[PDB]
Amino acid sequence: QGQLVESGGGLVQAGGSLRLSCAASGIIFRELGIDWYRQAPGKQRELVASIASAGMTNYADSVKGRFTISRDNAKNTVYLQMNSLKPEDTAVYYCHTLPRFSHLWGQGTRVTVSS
């Protein structure tokens, strides 16, 4: 099966910072690349940040320099450090990986940026 449990998020003032967490279970976490996705209003769900099992990271253009993805293999969790938040970033954020043939998604944590 496998389960991704996201935590953190919520309402935050623009210019402030949040930190999301995603605890994994039922999967071999060390061998998998983990991704953060988000679905903004009116837009298709898009990739936000990726971290490979070897540690390399990729970021969408609109979050470069503001977000940081990192993993703790001992805790089987991945973090998304969001700095300098903007209403651009208001979306439902999803933790993701692909253990076998079916996509494994977290429940979806909402991030709402106010002014």
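Residue numbers run from 1 along the displayed sequence.
Mean C-alpha B-factor is higher over 73 to 81 than over the other stretch, the pair under comparison being 73 to 81 and 48 to 56. The stretch with the higher mean CA B factor, choosing between 93 to 101 and 21 to 29, is 21 to 29. For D35, the recorded CA temperature factor ranks within the lowest third of the chain's modelled residues. In the PDB entry, a CA B factor belonging to the lowest third of its chain's modelled residues is recorded for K64.
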